[PDB]
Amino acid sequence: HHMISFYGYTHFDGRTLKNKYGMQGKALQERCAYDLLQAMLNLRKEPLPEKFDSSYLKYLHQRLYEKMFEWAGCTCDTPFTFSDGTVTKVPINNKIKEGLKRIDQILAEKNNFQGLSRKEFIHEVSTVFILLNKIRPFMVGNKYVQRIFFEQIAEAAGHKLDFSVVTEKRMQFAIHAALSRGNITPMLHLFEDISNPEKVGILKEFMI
């Protein structure tokens, strides 16, 4: 809210994102959601990649917001220049670049988490998932691109993740647990329920 305004991603008003539509208010939210839904549809049409890295993450962020924002596949660790000459600011000590480099070597060394048991898969993904949340590569749209990212990683690893049955409060606490101490246990519990089809089915019977 104030973060997006501080680093010069909004207009002089202080809350309206600089967009390609030139829209504001509810009209902007509607137009953004429509293109975002279309982008997700085309992404599923595309086959899964052979290697998952930070570059692919930026590609996902690009495909999702290229019709809305000029800084689509760009991370906020570096100042962006709009087409009107205006520039953005960078959060001090962000550690985004060093963070993404770490994620890339892990996904390379562990062979994209392929050829693993689901129990082994959960323990490996949970660490990377938390790290990708500690650093916020993109200014806007982190939640969606991270969700799609790990959903496709899982599918390539023979496992399946269903994020539809996790509440916002559960995810917030799991992240808060190992970023405010170092308790990955709630996150482990999250992915274990999520990667378990029988448990997902039961959760759907209580999703009300």
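The numbering used is simple: start at 1 and walk along the sequence shown.
Unmodelled residues of the deposited sequence between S180 and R181: 4 to 9. Comparing 129-137 with 116-124, the stretch with the higher mean C-alpha B-factor in the PDB entry is 116-124. Judged by mean Cα B factor in the deposited record, 107-115 ranks above the other of 82-90 and 107-115.
Per the PDB record, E168 has a higher Cα B-factor than any other of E151, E168, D35, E70. Ranked within its chain, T185 lands in the highest third, by CA B factor from the PDB record. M23: CA B factor in the highest third of modelled residues in this chain (values from the PDB entry). When the modelled residues of the chain are ordered by C-alpha B-factor, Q172 sits in the highest third. Ranked within its chain, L203 lands in the middle third, by CA B factor from the PDB record.
Ranked within its chain, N142 lands in the lowest third, by CA B factor from the PDB record.
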